[PDB]
There are 2 protein chains.
Amino acid sequence: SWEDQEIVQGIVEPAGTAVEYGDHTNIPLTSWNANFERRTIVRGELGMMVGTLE
Amino acid sequence: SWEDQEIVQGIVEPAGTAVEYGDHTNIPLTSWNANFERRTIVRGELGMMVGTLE
């Protein structure tokens, strides 16, 4: 909006590996991780000056 | 028109580079420059002379 300072984008990485089944074996677990990437806004200005005789 | 001396064509170069915006910063100014390129007209003459016996 030209007054804001940053633009944010997210990223999520899932994780988890399968295991051979067993009745009494421990249950393996899945999970996920989250990261964010930010970009800064740069604003520029330019102007002009005009006289009368000019 | 074969009697004029020059043919003139204009050229305009704008100028001005932006700067980062600031609330209390100096306003940058754009401008322009003008030049006029001239080409000279060249006249050439050729004649003939015929005699009676010739």
# chains A, B, ... in the order shown; residues from 1 in each chain; ligands from 1
>>> closest_atom_pairs(of="chain B", to="chain A", cutoff="8 Å", atoms="only C-alpha atoms", output="Markdown table")
| residue | atom | partner | partner_atom | distance |
| --- | --- | --- | --- | --- |
| B:16 | CA | A:46 | CA | 8.0 |
| B:17 | CA | A:46 | CA | 7.2 |
| B:18 | CA | A:46 | CA | 5.0 |
| B:19 | CA | A:44 | CA | 5.4 |
| B:20 | CA | A:44 | CA | 4.2 |
| B:21 | CA | A:44 | CA | 4.8 |
| B:27 | CA | A:47 | CA | 6.0 |
| B:28 | CA | A:47 | CA | 5.3 |
| B:29 | CA | A:48 | CA | 4.5 |
| B:30 | CA | A:48 | CA | 5.2 |
| B:31 | CA | A:48 | CA | 7.4 |
>>> write_last_selection(atoms="C-alpha atoms", output="compact mmCIF listing (two decimals), in the first residue's frame")
# COMPACT_ATOMS: atom_id res chain seq x y z
CA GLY B 16 16.69 13.37 -13.84
CA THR B 17 17.21 10.44 -11.48
CA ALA B 18 14.95 9.37 -8.64
CA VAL B 19 16.00 9.24 -4.99
CA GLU B 20 14.60 7.46 -1.96
CA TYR B 21 11.53 9.15 -0.51
CA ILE B 27 12.68 17.52 -3.84
CA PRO B 28 14.77 16.19 -6.75
CA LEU B 29 14.28 18.06 -10.01
CA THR B 30 14.20 16.81 -13.58
CA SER B 31 15.22 18.97 -16.53
>>> calpha_fit_rmsd(fixed="chain B", moving="chain A")
1.1 Å
>>> atom_distance(atom1="atom CA of residue 2 of chain B", atom2="atom CA of residue 38 of chain B")
15.6 Å
>>> residues_around(residues="residue 40 of chain A", least_positions_apart="4", cutoff="12 Å", atoms="only C-alpha atoms", output="NGL selection string")
:A and (2-8)
>>> select_by_dssp(residues="chain A", states="strand (DSSP E)", output="PDB file with N, CA and C atoms, in the first residue's frame")
ATOM      1  N   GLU A   6       6.955  -4.293   4.776  1.00  0.00           N
ATOM      2  CA  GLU A   6       7.413  -5.633   4.443  1.00  0.00           C
ATOM      3  C   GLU A   6       6.301  -6.429   3.775  1.00  0.00           C
ATOM      4  N   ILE A   7       6.713  -7.411   2.976  1.00  0.00           N
ATOM      5  CA  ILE A   7       5.834  -8.440   2.427  1.00  0.00           C
ATOM      6  C   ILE A   7       6.339  -9.788   2.920  1.00  0.00           C
ATOM      7  N   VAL A   8       5.430 -10.602   3.452  1.00  0.00           N
ATOM      8  CA  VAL A   8       5.765 -11.855   4.115  1.00  0.00           C
ATOM      9  C   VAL A   8       5.206 -13.015   3.303  1.00  0.00           C
ATOM     10  N   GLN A   9       6.002 -14.078   3.165  1.00  0.00           N
ATOM     11  CA  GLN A   9       5.552 -15.326   2.563  1.00  0.00           C
ATOM     12  C   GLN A   9       5.982 -16.495   3.438  1.00  0.00           C
ATOM     13  N   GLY A  10       5.065 -17.437   3.656  1.00  0.00           N
ATOM     14  CA  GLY A  10       5.316 -18.561   4.527  1.00  0.00           C
ATOM     15  C   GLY A  10       5.739 -19.816   3.784  1.00  0.00           C
ATOM     16  N   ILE A  11       6.319 -20.745   4.537  1.00  0.00           N
ATOM     17  CA  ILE A  11       6.733 -22.045   4.013  1.00  0.00           C
ATOM     18  C   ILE A  11       6.663 -23.054   5.149  1.00  0.00           C
ATOM     19  N   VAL A  12       6.059 -24.208   4.886  1.00  0.00           N
ATOM     20  CA  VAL A  12       5.922 -25.262   5.884  1.00  0.00           C
ATOM     21  C   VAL A  12       6.483 -26.560   5.313  1.00  0.00           C
ATOM     22  N   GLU A  13       7.354 -27.203   6.076  1.00  0.00           N
ATOM     23  CA  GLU A  13       7.994 -28.435   5.650  1.00  0.00           C
ATOM     24  C   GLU A  13       7.466 -29.583   6.491  1.00  0.00           C
ATOM     25  N   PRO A  14       6.664 -30.482   5.933  1.00  0.00           N
ATOM     26  CA  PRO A  14       6.245 -31.672   6.678  1.00  0.00           C
ATOM     27  C   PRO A  14       7.363 -32.700   6.752  1.00  0.00           C
ATOM     28  N   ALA A  15       7.260 -33.570   7.753  1.00  0.00           N
ATOM     29  CA  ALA A  15       8.270 -34.592   7.970  1.00  0.00           C
ATOM     30  C   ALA A  15       7.616 -35.820   8.582  1.00  0.00           C
ATOM     31  N   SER A  31       5.445 -34.712  11.742  1.00  0.00           N
ATOM     32  CA  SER A  31       5.523 -33.362  12.290  1.00  0.00           C
ATOM     33  C   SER A  31       5.648 -32.377  11.134  1.00  0.00           C
ATOM     34  N   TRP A  32       5.840 -31.105  11.476  1.00  0.00           N
ATOM     35  CA  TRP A  32       6.018 -30.065  10.474  1.00  0.00           C
ATOM     36  C   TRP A  32       6.803 -28.907  11.075  1.00  0.00           C
ATOM     37  N   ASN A  33       7.450 -28.141  10.199  1.00  0.00           N
ATOM     38  CA  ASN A  33       8.223 -26.968  10.580  1.00  0.00           C
ATOM     39  C   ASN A  33       7.767 -25.782   9.743  1.00  0.00           C
ATOM     40  N   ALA A  34       7.895 -24.573  10.289  1.00  0.00           N
ATOM     41  CA  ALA A  34       7.437 -23.380   9.589  1.00  0.00           C
ATOM     42  C   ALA A  34       8.525 -22.316   9.557  1.00  0.00           C
ATOM     43  N   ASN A  35       8.692 -21.697   8.390  1.00  0.00           N
ATOM     44  CA  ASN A  35       9.643 -20.618   8.174  1.00  0.00           C
ATOM     45  C   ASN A  35       8.939 -19.501   7.414  1.00  0.00           C
ATOM     46  N   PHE A  36       9.515 -18.302   7.487  1.00  0.00           N
ATOM     47  CA  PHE A  36       8.935 -17.128   6.852  1.00  0.00           C
ATOM     48  C   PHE A  36      10.025 -16.321   6.162  1.00  0.00           C
ATOM     49  N   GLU A  37       9.720 -15.825   4.963  1.00  0.00           N
ATOM     50  CA  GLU A  37      10.630 -14.992   4.188  1.00  0.00           C
ATOM     51  C   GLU A  37      10.000 -13.622   3.980  1.00  0.00           C
ATOM     52  N   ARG A  38      10.752 -12.572   4.306  1.00  0.00           N
ATOM     53  CA  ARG A  38      10.263 -11.201   4.284  1.00  0.00           C
ATOM     54  C   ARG A  38      11.047 -10.383   3.266  1.00  0.00           C
ATOM     55  N   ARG A  39      10.368  -9.412   2.656  1.00  0.00           N
ATOM     56  CA  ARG A  39      10.979  -8.515   1.683  1.00  0.00           C
ATOM     57  C   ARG A  39      10.624  -7.076   2.026  1.00  0.00           C
ATOM     58  N   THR A  40      11.617  -6.190   1.962  1.00  0.00           N
ATOM     59  CA  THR A  40      11.456  -4.799   2.368  1.00  0.00           C
ATOM     60  C   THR A  40      10.957  -3.950   1.200  1.00  0.00           C
ATOM     61  N   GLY A  44      10.581   5.474  -3.911  1.00  0.00           N
ATOM     62  CA  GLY A  44      11.382   6.510  -4.529  1.00  0.00           C
ATOM     63  C   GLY A  44      10.576   7.736  -4.894  1.00  0.00           C
ATOM     64  N   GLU A  45      11.223   8.899  -4.972  1.00  0.00           N
ATOM     65  CA  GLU A  45      10.543  10.141  -5.308  1.00  0.00           C
ATOM     66  C   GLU A  45      11.290  10.867  -6.416  1.00  0.00           C
ATOM     67  N   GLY A  47      10.747  14.813  -8.770  1.00  0.00           N
ATOM     68  CA  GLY A  47       9.955  16.016  -8.914  1.00  0.00           C
ATOM     69  C   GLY A  47      10.452  16.898 -10.041  1.00  0.00           C
ATOM     70  N   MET A  48       9.841  18.077 -10.126  1.00  0.00           N
ATOM     71  CA  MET A  48      10.100  19.019 -11.205  1.00  0.00           C
ATOM     72  C   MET A  48       9.776  20.429 -10.738  1.00  0.00           C
TER      73      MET A  48
END
>>> atom_distance(atom1="atom CA of residue 25 of chain B", atom2="atom CA of residue 41 of chain A")
18.3 Å
>>> decode(residues="segment 1-48 of chain B", atoms="N, CA and C atoms", output="CSV table (one decimal), in the first residue's frame")
chain,number,residue,atom,x,y,z
B,1,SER,N,15.2,24.8,-50.9
B,1,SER,CA,14.8,25.5,-52.1
B,1,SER,C,16.0,26.0,-53.0
B,2,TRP,N,17.2,25.3,-52.8
B,2,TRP,CA,18.4,25.6,-53.6
B,2,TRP,C,19.1,26.9,-53.3
B,3,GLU,N,18.4,27.8,-52.5
B,3,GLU,CA,19.1,29.0,-52.1
B,3,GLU,C,19.3,29.1,-50.6
B,4,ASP,N,18.7,28.2,-49.8
B,4,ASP,CA,18.8,28.2,-48.4
B,4,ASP,C,20.2,27.7,-48.0
B,5,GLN,N,20.7,28.1,-46.8
B,5,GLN,CA,22.0,27.7,-46.4
B,5,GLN,C,22.1,26.5,-45.6
B,6,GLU,N,21.1,26.3,-44.7
B,6,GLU,CA,21.2,25.2,-43.7
B,6,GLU,C,19.8,24.5,-43.6
B,7,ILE,N,19.8,23.3,-43.1
B,7,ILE,CA,18.6,22.5,-42.7
B,7,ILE,C,18.9,22.1,-41.3
B,8,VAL,N,17.9,22.4,-40.4
B,8,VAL,CA,18.1,22.3,-38.9
B,8,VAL,C,17.1,21.3,-38.4
B,9,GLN,N,17.6,20.4,-37.5
B,9,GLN,CA,16.7,19.5,-36.9
B,9,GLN,C,17.0,19.4,-35.4
B,10,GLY,N,16.0,19.4,-34.5
B,10,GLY,CA,16.2,19.5,-33.1
B,10,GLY,C,16.3,18.1,-32.4
B,11,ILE,N,16.9,18.2,-31.2
B,11,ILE,CA,17.0,17.0,-30.4
B,11,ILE,C,16.9,17.4,-28.9
B,12,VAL,N,16.2,16.6,-28.2
B,12,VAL,CA,15.9,16.9,-26.8
B,12,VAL,C,16.4,15.7,-25.9
B,13,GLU,N,17.2,16.0,-24.9
B,13,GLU,CA,17.6,15.0,-23.9
B,13,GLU,C,17.0,15.3,-22.6
B,14,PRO,N,16.1,14.5,-22.1
B,14,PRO,CA,15.6,14.7,-20.7
B,14,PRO,C,16.7,14.2,-19.7
B,15,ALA,N,16.6,14.7,-18.5
B,15,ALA,CA,17.5,14.3,-17.4
B,15,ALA,C,16.8,14.3,-16.1
B,16,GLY,N,17.3,13.5,-15.2
B,16,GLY,CA,16.7,13.4,-13.8
B,16,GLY,C,16.7,11.9,-13.3
B,17,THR,N,17.2,11.8,-12.1
B,17,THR,CA,17.2,10.4,-11.5
B,17,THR,C,16.5,10.5,-10.2
B,18,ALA,N,15.7,9.4,-9.9
B,18,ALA,CA,15.0,9.4,-8.6
B,18,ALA,C,15.9,9.2,-7.4
B,19,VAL,N,15.4,9.5,-6.3
B,19,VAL,CA,16.0,9.2,-5.0
B,19,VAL,C,15.0,8.6,-4.1
B,20,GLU,N,15.5,8.0,-3.0
B,20,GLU,CA,14.6,7.5,-2.0
B,20,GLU,C,13.7,8.5,-1.3
B,21,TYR,N,12.5,8.2,-1.0
B,21,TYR,CA,11.5,9.2,-0.5
B,21,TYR,C,11.8,9.5,0.9
B,22,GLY,N,11.6,10.7,1.3
B,22,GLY,CA,11.7,11.2,2.7
B,22,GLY,C,10.7,12.3,2.9
B,23,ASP,N,10.2,12.4,4.1
B,23,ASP,CA,9.1,13.4,4.4
B,23,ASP,C,9.7,14.8,4.4
B,24,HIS,N,10.9,15.0,4.9
B,24,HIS,CA,11.5,16.3,5.0
B,24,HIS,C,12.8,16.4,4.1
B,25,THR,N,12.8,15.7,3.1
B,25,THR,CA,14.0,15.6,2.2
B,25,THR,C,13.8,16.6,1.0
B,26,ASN,N,14.9,17.0,0.4
B,26,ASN,CA,14.8,17.9,-0.7
B,26,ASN,C,14.2,17.2,-1.9
B,27,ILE,N,13.4,18.0,-2.7
B,27,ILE,CA,12.7,17.5,-3.8
B,27,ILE,C,13.7,17.4,-5.0
B,28,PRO,N,13.9,16.3,-5.6
B,28,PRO,CA,14.8,16.2,-6.8
B,28,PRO,C,14.1,16.8,-7.9
B,29,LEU,N,14.8,17.4,-8.9
B,29,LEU,CA,14.3,18.1,-10.0
B,29,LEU,C,14.8,17.4,-11.3
B,30,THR,N,13.9,17.2,-12.2
B,30,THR,CA,14.2,16.8,-13.6
B,30,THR,C,14.4,18.1,-14.5
B,31,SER,N,15.0,17.9,-15.6
B,31,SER,CA,15.2,19.0,-16.5
B,31,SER,C,15.4,18.4,-17.9
B,32,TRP,N,15.8,19.3,-18.9
B,32,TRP,CA,16.0,18.8,-20.2
B,32,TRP,C,17.0,19.8,-20.9
B,33,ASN,N,17.6,19.3,-22.0
B,33,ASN,CA,18.5,20.0,-22.8
B,33,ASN,C,18.1,19.9,-24.3
B,34,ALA,N,18.4,20.9,-25.0
B,34,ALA,CA,18.0,21.0,-26.4
B,34,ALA,C,19.2,21.3,-27.3
B,35,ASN,N,19.4,20.6,-28.4
B,35,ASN,CA,20.4,20.9,-29.4
B,35,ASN,C,19.8,20.9,-30.8
B,36,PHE,N,20.5,21.6,-31.7
B,36,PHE,CA,20.0,21.7,-33.0
B,36,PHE,C,21.2,21.4,-34.0
B,37,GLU,N,21.0,20.3,-34.8
B,37,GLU,CA,21.9,19.8,-35.7
B,37,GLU,C,21.6,20.4,-37.1
B,38,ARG,N,22.6,20.9,-37.8
B,38,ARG,CA,22.5,21.7,-39.0
B,38,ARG,C,23.3,21.0,-40.1
B,39,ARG,N,22.7,20.9,-41.3
B,39,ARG,CA,23.3,20.4,-42.5
B,39,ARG,C,23.4,21.4,-43.6
B,40,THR,N,24.5,21.7,-44.2
B,40,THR,CA,24.7,22.7,-45.2
B,40,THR,C,24.3,22.2,-46.6
B,41,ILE,N,23.7,23.1,-47.3
B,41,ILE,CA,23.3,22.9,-48.7
B,41,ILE,C,24.4,23.2,-49.6
B,42,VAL,N,24.8,22.3,-50.5
B,42,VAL,CA,25.9,22.5,-51.5
B,42,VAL,C,25.3,22.5,-52.9
B,43,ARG,N,25.7,23.6,-53.6
B,43,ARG,CA,25.2,23.8,-55.0
B,43,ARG,C,26.4,23.5,-56.0
B,44,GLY,N,26.0,22.8,-57.1
B,44,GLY,CA,27.0,22.5,-58.1
B,44,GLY,C,26.5,23.0,-59.4
B,45,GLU,N,27.5,23.4,-60.3
B,45,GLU,CA,27.1,24.0,-61.6
B,45,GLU,C,27.9,23.2,-62.6
B,46,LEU,N,27.3,23.1,-63.8
B,46,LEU,CA,28.0,22.5,-65.0
B,46,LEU,C,27.4,23.2,-66.2
B,47,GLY,N,28.3,23.4,-67.2
B,47,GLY,CA,27.9,24.2,-68.4
B,47,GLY,C,28.5,23.5,-69.7
B,48,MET,N,28.2,24.2,-70.8
B,48,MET,CA,28.6,23.7,-72.1
B,48,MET,C,28.7,24.9,-73.0
